[PDB]
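Engineer: Can you read through this structure? Questions will come right after.
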Amino acid sequence: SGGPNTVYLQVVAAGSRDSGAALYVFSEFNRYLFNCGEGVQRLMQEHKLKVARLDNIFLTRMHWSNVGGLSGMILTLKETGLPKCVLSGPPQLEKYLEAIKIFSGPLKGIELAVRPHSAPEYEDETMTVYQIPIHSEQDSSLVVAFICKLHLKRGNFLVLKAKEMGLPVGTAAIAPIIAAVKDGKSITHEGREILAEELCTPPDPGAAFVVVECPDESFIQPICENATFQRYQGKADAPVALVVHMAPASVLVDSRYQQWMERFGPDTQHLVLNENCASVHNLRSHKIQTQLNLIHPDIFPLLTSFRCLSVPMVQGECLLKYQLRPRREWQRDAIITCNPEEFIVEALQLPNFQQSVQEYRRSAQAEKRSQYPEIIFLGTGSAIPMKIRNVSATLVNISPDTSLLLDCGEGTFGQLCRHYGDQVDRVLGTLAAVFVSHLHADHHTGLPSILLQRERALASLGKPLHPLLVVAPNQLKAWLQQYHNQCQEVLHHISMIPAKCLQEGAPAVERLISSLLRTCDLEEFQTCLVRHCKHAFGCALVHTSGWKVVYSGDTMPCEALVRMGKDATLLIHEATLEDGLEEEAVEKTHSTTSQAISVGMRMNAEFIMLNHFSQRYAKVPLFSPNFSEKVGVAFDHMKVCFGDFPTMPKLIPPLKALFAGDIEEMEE
RNA sequence: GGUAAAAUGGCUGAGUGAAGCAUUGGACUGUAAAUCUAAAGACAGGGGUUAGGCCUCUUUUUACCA
Ligand SMILES: [Zn+2]
Ligand SMILES: [Zn+2]
């Protein structure tokens, strides 16, 4: 068979601040993805991108912005069931996939293949790419740029022209004639010879595109007029169709360079991706957030708006696909821009929703509570981000000066971005400590994303370095050490704390826990084992003023949690099914909503928050009846103070009305 | 919400083009059941490749998701 009939280039990352570079090219036979960071897990599977058929994955640089997201792809492939896959990258990239099995578990069932730098050539039936390793004085010094090529395309045969002369078109005799013409050998028929160009268009060798990743001036000198480029710059076998520059805007304006790119010729198109892009590609999420704000602006805050030299450049944006083989031109028929003026149309006119909203407002229309005890909910999914659900983070802000994290995950940084707005830089500075509940990957894979950005935030205002405090099981230390020794230096920003020492009845550890307690003004900190998995642990917070909150998360009912949870103003509990099957508890290793409600009733706590929900089937939580005002429903991007309890019970009717039709488990 | 198998008629087996059971008048049979020389409904709804078999976007059915 011949080469692909159509080739499309698609942009995934779009140069967003919350994620690294990422480029997607669609081919008739194979799917290829270049580079990927954190937050892409939603970008794909939200814009209808097929996970399957991604047998080949490519990436650049070892930094988390381009290697962090591989765990999600591996997990999806394991769930998807793809038989084989191929992964390529820097020579020392095998160490990254060596340590994934530590917590993600064995990858047996799907085969992954890697290759060294000794084989810089790879070919298949529809495409070919050449990789050029690059060495720089100032592994973070290797970026290995990529080059792409396309197989020759055979010009369409003129079957109608053959029929006009008198050839036996429409039968089995024409097939050998067209097959011979395809090979390029003329055939003489009826005493006359017909040239190939007469019966078909001239062959086209095929276009190509190049990708570069110059991050700073360290890599400019090694790449300056590279030998490989001299054999392809300017006129070549075919003109260059498109080019993408991942370099930052600062590198663009430098006097040096900015002229080599022009050597490719005016016909060569160029693109730039960087943080200055307007983006705004959260249509459905933004609509849901606006609806929640309309229900009650105070309870549910609103996301902030993230808004925006010899040849022209088309700034990259959302789903700016490019067409290669049919014709070299751009397409913008899939623009994804938020339109609140359209969101309000359906937010203020849902069936019976307006009546419930107005009734709740009239009903709403007991002394002032404490001003700045704050708990913020970031994510309410389970190990799989989706339209409106993602791995939970449970941001807590005990005081404006000091902040704490109730576990963390991937995509939480993107969530708090476009939300805190200008205050994002200040919020990260207030962060003083973090910790992990159990060994699940989704609960600890988000630490690097927060840490690397907090490192920049600390210097953004010229404050002294303050290493972050991390409390996680002793197993998490191995992965952190491997990453420190393999990809980038992060040890100085993390201080491990075993959770065993915090158990009831159990110099560096004591001084560090004392510093944590005094910095955030916490009277005491306690942790206990949970019936969830090996080395699983919980936590409890008690304030000097008598406020107590205990986080349980994934856990089966146990006596220790109940004993520690006695006289607790608030607590976070996990739900799996609401109403349904009570069997196969061992498979889930999680509590049940009815049992959670019973516990909360007997917990003596005045209110119980339901945050973590299983995401096997996309459905709003069908709240189990036989409950009280103590229980509640927790979603993403929530706000209020400690004493703002009486508000949320009245939000139940409007909250249910907003969803209207519910898509829950059916007999199928 | 995601993954896996079929969209051909009253039913099924496939991709050179379509075939058996059944029927419209019945021939051997007083009798309407046995055996045909003719008949018919015909590959879900779009398009990219210029041909069906390939891929792509909804629609129906079944199963699975830790
Ligand atoms: Zn969980
Ligand atoms: Zn978990």
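By convention in this document, the chains of the structure tokens carry letters A, B, ... by their order, each chain's residues are numbered from 1, and ligands are numbered from 1 in the order they are shown.
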Distance limit 8 Å, reference ligand 2, atoms considered: only C-alpha atoms (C1' of nucleotides) and all ligand atoms. Which residues make the cut? Give them as a ChimeraX atom specification.
Structural biologist: /A:382-383,438-443,553-554
Engineer: Step by step, measure atom-to-atom distances between ligand 1 and each residue using only C-alpha atoms (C1' of nucleotides) and all ligand atoms, keep those at most 12 Å, then write them as a PyMOL selection string.
Structural biologist: (chain A and resi 379-384+390-393+407-409+436-444+532-533+536+552-555+573-576+588-591+611-615) or (chain B and resi 66)
Engineer: Output as a Markdown table one row per residue of chain B within 7 Å of chain A: the closest atom pair and its distance in Å to one decimal place, counting only C-alpha atoms (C1' of nucleotides), sorted by chain and residue number ascending.
Structural biologist:
| residue | atom | partner | partner_atom | distance |
| --- | --- | --- | --- | --- |
| B:1 | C1' | A:618 | CA | 4.5 |
| B:3 | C1' | A:80 | CA | 6.0 |
| B:49 | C1' | A:5 | CA | 6.2 |
| B:55 | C1' | A:28 | CA | 6.9 |
| B:65 | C1' | A:616 | CA | 6.4 |
| B:66 | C1' | A:587 | CA | 6.6 |
Engineer: Could the residues in this selection be written to a file with N, CA, C and O atoms (P, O5', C5', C4', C3', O3' and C1' of nucleotides), as a PDB file, in the first residue's frame?
Structural biologist:
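Result saved to result.pdb:
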ATOM      1  P     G B   1     -22.481   9.416  28.691  1.00  0.00           P
ATOM      2  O5'   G B   1     -20.930   9.230  28.997  1.00  0.00           O
ATOM      3  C5'   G B   1     -20.080  10.356  29.168  1.00  0.00           C
ATOM      4  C4'   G B   1     -18.752   9.960  29.763  1.00  0.00           C
ATOM      5  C3'   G B   1     -17.976   8.889  29.010  1.00  0.00           C
ATOM      6  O3'   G B   1     -17.251   9.399  27.905  1.00  0.00           O
ATOM      7  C1'   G B   1     -18.033   8.341  31.303  1.00  0.00           C
ATOM      8  P     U B   3     -13.238   4.539  24.270  1.00  0.00           P
ATOM      9  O5'   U B   3     -12.982   3.005  24.619  1.00  0.00           O
ATOM     10  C5'   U B   3     -11.667   2.518  24.848  1.00  0.00           C
ATOM     11  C4'   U B   3     -11.671   1.068  25.263  1.00  0.00           C
ATOM     12  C3'   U B   3     -12.291   0.088  24.276  1.00  0.00           C
ATOM     13  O3'   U B   3     -11.416  -0.277  23.221  1.00  0.00           O
ATOM     14  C1'   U B   3     -13.145  -0.338  26.429  1.00  0.00           C
ATOM     15  P     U B  49     -10.757  12.650  -1.351  1.00  0.00           P
ATOM     16  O5'   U B  49      -9.945  11.281  -1.415  1.00  0.00           O
ATOM     17  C5'   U B  49      -8.566  11.235  -1.078  1.00  0.00           C
ATOM     18  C4'   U B  49      -8.085   9.816  -0.890  1.00  0.00           C
ATOM     19  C3'   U B  49      -8.182   8.913  -2.109  1.00  0.00           C
ATOM     20  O3'   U B  49      -7.117   9.100  -3.025  1.00  0.00           O
ATOM     21  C1'   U B  49      -9.039   7.779  -0.223  1.00  0.00           C
ATOM     22  P     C B  55     -11.041  -0.362   9.444  1.00  0.00           P
ATOM     23  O5'   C B  55     -10.822   1.213   9.536  1.00  0.00           O
ATOM     24  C5'   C B  55      -9.564   1.756   9.908  1.00  0.00           C
ATOM     25  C4'   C B  55      -9.501   3.235   9.632  1.00  0.00           C
ATOM     26  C3'   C B  55     -10.553   4.085  10.328  1.00  0.00           C
ATOM     27  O3'   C B  55     -10.209   4.403  11.667  1.00  0.00           O
ATOM     28  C1'   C B  55     -10.471   4.665   8.042  1.00  0.00           C
ATOM     29  P     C B  65     -16.170  -5.801  35.906  1.00  0.00           P
ATOM     30  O5'   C B  65     -15.361  -4.481  35.526  1.00  0.00           O
ATOM     31  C5'   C B  65     -13.941  -4.479  35.495  1.00  0.00           C
ATOM     32  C4'   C B  65     -13.394  -3.092  35.269  1.00  0.00           C
ATOM     33  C3'   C B  65     -13.770  -2.049  36.310  1.00  0.00           C
ATOM     34  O3'   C B  65     -12.958  -2.111  37.470  1.00  0.00           O
ATOM     35  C1'   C B  65     -14.106  -1.159  34.147  1.00  0.00           C
ATOM     36  P     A B  66     -13.587  -2.522  38.892  1.00  0.00           P
ATOM     37  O5'   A B  66     -13.049  -1.398  39.885  1.00  0.00           O
ATOM     38  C5'   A B  66     -13.057  -1.605  41.294  1.00  0.00           C
ATOM     39  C4'   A B  66     -11.668  -1.873  41.818  1.00  0.00           C
ATOM     40  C3'   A B  66     -10.665  -0.743  41.605  1.00  0.00           C
ATOM     41  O3'   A B  66      -9.729  -0.713  42.682  1.00  0.00           O
ATOM     42  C1'   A B  66      -9.926  -2.674  40.461  1.00  0.00           C
TER      43        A B  66
END
Engineer: Show me, as a short mmCIF file (atom, residue, chain, number, x, y, z; two decimals) with N, CA and C atoms, in the first residue's frame, the residues that have an atom within 10 Å of segment 597-601 of chain A when counting only C-alpha atoms (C1' of nucleotides), minus same-chain residues fewer than 5 positions from it.
Structural biologist:
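Once written, out16.cif looks like this:
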data_model
loop_
_atom_site.label_atom_id
_atom_site.label_comp_id
_atom_site.auth_asym_id
_atom_site.auth_seq_id
_atom_site.Cartn_x
_atom_site.Cartn_y
_atom_site.Cartn_z
N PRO A 557 -14.32 0.98 57.77
CA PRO A 557 -14.63 1.36 59.15
C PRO A 557 -13.68 0.69 60.14
N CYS A 558 -13.27 1.45 61.15
CA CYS A 558 -12.34 0.96 62.15
C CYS A 558 -12.62 1.66 63.47
N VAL A 562 -12.74 6.03 64.87
CA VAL A 562 -13.86 6.51 65.67
C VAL A 562 -13.37 7.07 66.99
N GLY A 565 -11.73 10.31 66.24
CA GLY A 565 -12.69 11.26 65.72
C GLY A 565 -13.71 11.76 66.72
N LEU A 570 -15.42 18.71 62.37
CA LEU A 570 -15.54 18.35 60.97
C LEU A 570 -14.68 17.12 60.70
N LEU A 571 -14.99 16.44 59.60
CA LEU A 571 -14.21 15.29 59.18
C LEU A 571 -14.52 15.00 57.72
N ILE A 572 -13.54 14.43 57.02
CA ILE A 572 -13.66 14.08 55.61
C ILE A 572 -13.75 12.56 55.50
N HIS A 573 -14.78 12.08 54.82
CA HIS A 573 -15.01 10.65 54.65
C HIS A 573 -15.16 10.33 53.18
N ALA A 575 -16.66 7.88 49.96
CA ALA A 575 -17.83 7.15 49.52
C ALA A 575 -17.51 6.39 48.25
N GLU A 578 -22.79 5.07 47.27
CA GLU A 578 -24.05 5.63 47.74
C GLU A 578 -24.99 4.49 48.13
N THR A 592 -18.41 2.32 52.86
CA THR A 592 -19.67 2.46 52.15
C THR A 592 -20.40 3.71 52.63
N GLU A 606 -20.70 17.29 64.37
CA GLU A 606 -21.90 18.01 63.95
C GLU A 606 -22.10 17.99 62.44
N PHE A 607 -21.03 17.82 61.66
CA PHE A 607 -21.14 17.82 60.21
C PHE A 607 -20.09 16.89 59.62
N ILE A 608 -20.46 16.20 58.55
CA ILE A 608 -19.58 15.25 57.87
C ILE A 608 -19.53 15.61 56.39
N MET A 609 -18.32 15.70 55.85
CA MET A 609 -18.10 16.05 54.45
C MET A 609 -17.77 14.79 53.65
N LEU A 610 -18.46 14.62 52.52
CA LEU A 610 -18.21 13.52 51.60
C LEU A 610 -17.47 14.08 50.39
N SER A 624 -27.70 8.87 49.46
CA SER A 624 -28.48 7.85 50.14
C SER A 624 -29.47 8.51 51.10
N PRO A 625 -30.76 8.14 51.07
CA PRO A 625 -31.71 8.72 52.03
C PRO A 625 -31.41 8.32 53.46
N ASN A 626 -32.27 8.72 54.40
CA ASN A 626 -32.10 8.40 55.81
C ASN A 626 -30.84 9.07 56.38
N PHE A 627 -30.68 10.35 56.07
CA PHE A 627 -29.55 11.15 56.53
C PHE A 627 -30.07 12.38 57.26
N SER A 628 -29.13 13.18 57.76
CA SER A 628 -29.43 14.41 58.48
C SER A 628 -28.66 15.57 57.86
N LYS A 630 -26.14 16.92 59.02
CA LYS A 630 -24.71 16.83 59.30
C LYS A 630 -23.93 16.46 58.04
N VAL A 631 -24.44 15.50 57.26
CA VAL A 631 -23.72 15.08 56.06
C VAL A 631 -23.85 16.15 54.98
N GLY A 632 -22.95 16.07 54.00
CA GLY A 632 -22.96 17.02 52.90
C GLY A 632 -22.26 16.44 51.70
#
Engineer: Residues at most 12 Å from residue 92 of chain A, counting only C-alpha atoms (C1' of nucleotides), excluding those fewer than 3 positions away in the same chain, as a list in words?
Structural biologist: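 In the requested format, the answer is residues 61, 62, 88, 89, 95, 96, 97, 98, 114, 115, 116, 117, 139, 140, 142, 143, 483, 485, 486 and 487 of chain A.
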Engineer: Just N, CA, C and O atoms for this one: save the residues we selected as a JSON list (two decimals), in the first residue's frame.
Structural biologist:
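Saved the output as result.json:
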[["chain", "number", "residue", "atom", "x", "y", "z"],
["A", 61, "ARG", "N", 13.29, 16.23, 26.81],
["A", 61, "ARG", "CA", 13.77, 16.69, 28.11],
["A", 61, "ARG", "C", 13.26, 15.80, 29.24],
["A", 61, "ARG", "O", 12.21, 15.16, 29.11],
["A", 62, "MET", "N", 14.00, 15.76, 30.35],
["A", 62, "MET", "CA", 13.65, 14.94, 31.50],
["A", 62, "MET", "C", 12.79, 15.69, 32.51],
["A", 62, "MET", "O", 12.40, 15.10, 33.53],
["A", 88, "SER", "N", 10.23, 6.18, 23.65],
["A", 88, "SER", "CA", 11.57, 6.63, 23.29],
["A", 88, "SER", "C", 11.83, 7.98, 23.94],
["A", 88, "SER", "O", 10.91, 8.71, 24.31],
["A", 89, "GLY", "N", 13.12, 8.30, 24.09],
["A", 89, "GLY", "CA", 13.53, 9.53, 24.72],
["A", 89, "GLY", "C", 15.01, 9.56, 25.00],
["A", 89, "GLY", "O", 15.81, 8.88, 24.34],
["A", 95, "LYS", "N", 15.41, 4.67, 33.41],
["A", 95, "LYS", "CA", 15.33, 4.75, 34.87],
["A", 95, "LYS", "C", 13.98, 5.27, 35.33],
["A", 95, "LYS", "O", 13.49, 4.88, 36.39],
["A", 96, "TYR", "N", 13.35, 6.16, 34.54],
["A", 96, "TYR", "CA", 12.04, 6.67, 34.91],
["A", 96, "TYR", "C", 11.01, 5.55, 34.96],
["A", 96, "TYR", "O", 10.24, 5.44, 35.93],
["A", 97, "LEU", "N", 10.98, 4.70, 33.94],
["A", 97, "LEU", "CA", 10.06, 3.57, 33.92],
["A", 97, "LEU", "C", 10.52, 2.44, 34.82],
["A", 97, "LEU", "O", 9.74, 1.51, 35.06],
["A", 98, "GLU", "N", 11.76, 2.48, 35.31],
["A", 98, "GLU", "CA", 12.20, 1.49, 36.29],
["A", 98, "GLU", "C", 11.52, 1.70, 37.64],
["A", 98, "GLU", "O", 11.19, 0.73, 38.33],
["A", 114, "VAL", "N", 11.93, 0.25, 24.64],
["A", 114, "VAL", "CA", 12.75, 1.46, 24.61],
["A", 114, "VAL", "C", 14.01, 1.17, 23.80],
["A", 114, "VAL", "O", 14.45, 0.02, 23.67],
["A", 115, "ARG", "N", 14.58, 2.23, 23.25],
["A", 115, "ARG", "CA", 15.77, 2.14, 22.42],
["A", 115, "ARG", "C", 16.81, 3.15, 22.89],
["A", 115, "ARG", "O", 16.45, 4.21, 23.42],
["A", 116, "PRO", "N", 18.10, 2.86, 22.70],
["A", 116, "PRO", "CA", 19.13, 3.82, 23.08],
["A", 116, "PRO", "C", 19.38, 4.86, 22.00],
["A", 116, "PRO", "O", 18.69, 4.88, 20.98],
["A", 117, "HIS", "N", 20.36, 5.74, 22.22],
["A", 117, "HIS", "CA", 20.72, 6.75, 21.23],
["A", 117, "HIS", "C", 21.58, 6.20, 20.10],
["A", 117, "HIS", "O", 21.84, 6.92, 19.14],
["A", 139, "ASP", "N", 19.19, 13.82, 32.68],
["A", 139, "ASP", "CA", 20.13, 14.93, 32.58],
["A", 139, "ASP", "C", 19.45, 16.15, 31.98],
["A", 139, "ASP", "O", 18.74, 16.06, 30.98],
["A", 140, "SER", "N", 19.67, 17.31, 32.60],
["A", 140, "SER", "CA", 19.09, 18.56, 32.14],
["A", 140, "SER", "C", 19.86, 19.18, 30.98],
["A", 140, "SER", "O", 19.36, 20.14, 30.37],
["A", 142, "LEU", "N", 20.68, 17.58, 28.17],
["A", 142, "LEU", "CA", 20.34, 16.88, 26.94],
["A", 142, "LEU", "C", 18.88, 17.13, 26.59],
["A", 142, "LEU", "O", 18.00, 16.96, 27.45],
["A", 143, "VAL", "N", 18.63, 17.54, 25.35],
["A", 143, "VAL", "CA", 17.27, 17.79, 24.88],
["A", 143, "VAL", "C", 16.91, 16.97, 23.65],
["A", 143, "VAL", "O", 15.72, 16.78, 23.38],
["A", 483, "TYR", "N", 14.31, 10.00, 41.74],
["A", 483, "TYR", "CA", 14.12, 11.18, 40.90],
["A", 483, "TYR", "C", 15.23, 12.19, 41.13],
["A", 483, "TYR", "O", 15.72, 12.81, 40.17],
["A", 485, "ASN", "N", 18.32, 11.60, 42.01],
["A", 485, "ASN", "CA", 19.56, 11.11, 41.43],
["A", 485, "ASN", "C", 19.48, 10.94, 39.92],
["A", 485, "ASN", "O", 20.52, 10.76, 39.28],
["A", 486, "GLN", "N", 18.28, 10.99, 39.33],
["A", 486, "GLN", "CA", 18.10, 10.71, 37.91],
["A", 486, "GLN", "C", 17.76, 11.94, 37.08],
["A", 486, "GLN", "O", 18.37, 12.14, 36.03],
["A", 487, "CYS", "N", 16.80, 12.76, 37.50],
["A", 487, "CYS", "CA", 16.27, 13.82, 36.65],
["A", 487, "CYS", "C", 16.68, 15.22, 37.11],
["A", 487, "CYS", "O", 17.30, 15.95, 36.34]]
Engineer: Do you have the atom CA of residue 86 of chain A-atom CA of residue 1 of chain A distance handy?
Structural biologist: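 Computing it gives 23.4 Å between the two atoms.
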Engineer: Kindly give the distance, in Å, that separates atom CA of residue 534 of chain A and atom CA of residue 433 of chain A, rounded to a single decimal.
Structural biologist: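 Separation between atom CA of residue 534 of chain A and atom CA of residue 433 of chain A: 23.7 Å.
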